[PDB]
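Engineer: What follows is a structure written as structure tokens; I'll ask about it next.
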Amino acid sequence: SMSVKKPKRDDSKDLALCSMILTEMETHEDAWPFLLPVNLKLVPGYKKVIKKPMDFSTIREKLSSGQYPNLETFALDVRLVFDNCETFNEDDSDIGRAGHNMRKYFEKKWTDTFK
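Sequential numbering from 1856 applies to the sequence shown in the deposited numbering.
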């Protein structure tokens, strides 16, 4: 509360560390469905159904331009990528499986780097 604070967690490396995680996600072999924004002209149903599209290249540009106020807003966009994927893609599809795999890969790196 006013003039009463928990001890200050060092957040000075968060930007660098989120960038490294994002690099590792970018270079994963199952990243291909997620590298670029879904083409809203060429994929019927996507625009209407997926209210907030998100992809790795969009996260990379937001990261590089100081549009994440903190590491939690960064995680929320990464998770959005996978939540969108589950919304639109059957579990038993290449893309559906890609999204589960990448979500797992992400959540481990997140825990190991920050928890």
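Each residue gets a CB set at the ideal place from its N, CA and C atoms; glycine is no exception.
#1: Give the DSSP-derived three-state secondary structure of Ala-1886 in the structure shown.
#2: Let me know if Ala-1871 comes out buried or exposed under the rule of 16 or more other beta-carbons within 10 Å of its beta-carbon.
#3: Do three or more CB pairs link the stretch 1871 to 1884 to the stretch 1960 to 1969 at distances below 8 Å?
#4: Report the three-state DSSP secondary structure of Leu-1935 (helix, strand or coil).
#5: Just the C-alpha distance for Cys-1940 and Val-1859, rounded to the nearest angstrom, thanks.
#6: Using the Cα positions of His-1955 and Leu-1931, report the straight-line distance between them to the nearest angstrom.
#7: Are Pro-1908 and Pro-1888 close, meaning C-beta to C-beta below 9 Å?
#8: What does the Cβ neighbour count give for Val-1936, buried or exposed, with the cut at 16 atoms within 10 Å?
#9: Go ahead and pull the three-state DSSP assignment for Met-1875.
#10: Could you tell me how far apart the beta carbons of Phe-1943 and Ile-1905 are, in whole angstroms, since I believe they sit closer than 8 Å?
Structural biologist: According to the structure data:
#1: On the sequence shown, position 31 is the one that residue 1886 refers to. The three-state secondary structure of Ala-1886, taken from DSSP, is coil.
#2: Counted from its first residue, the sequence shown places residue 1871 at position 16. Exposed.
#3: Enough Cβ pairs lie closer than 8 Å, so yes.
#4: Reading the sequence shown from its first residue, position 80 is the one you call residue 1935. The answer is helix: DSSP assigns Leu-1935 an H, G or I state.
#5: By 1-based counting over the sequence shown, the position of residue 1940 is 85. By 1-based counting over the sequence shown, the position of residue 1859 is 4. Taking the straight line joining both Cα atoms gives about 42 Å.
#6: Mapped onto the sequence shown, residue 1955 falls at position 100. Mapped onto the sequence shown, residue 1931 falls at position 76. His-1955 and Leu-1931: Cα-Cα distance of roughly 16 Å.
#7: Start at 1 with the first residue of the sequence shown, and residue 1908 comes out as number 53. Start at 1 with the first residue of the sequence shown, and residue 1888 comes out as number 33. No, Cβ-Cβ distance for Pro-1908 and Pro-1888 is not below 9 Å.
#8: In the sequence shown, counting from the first residue as 1, residue 1936 sits at position 81. Burial call: buried.
#9: Counting from 1 along the sequence shown, the entry for residue 1875 is found at position 20. The DSSP-derived three-state label of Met-1875 is helix.
#10: Counting from 1 along the sequence shown, the entry for residue 1943 is found at position 88. Counting from 1 along the sequence shown, the entry for residue 1905 is found at position 50. Contact between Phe-1943 and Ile-1905 holds, with the beta-carbon distance rounding to 6 Å and staying under 8 Å.
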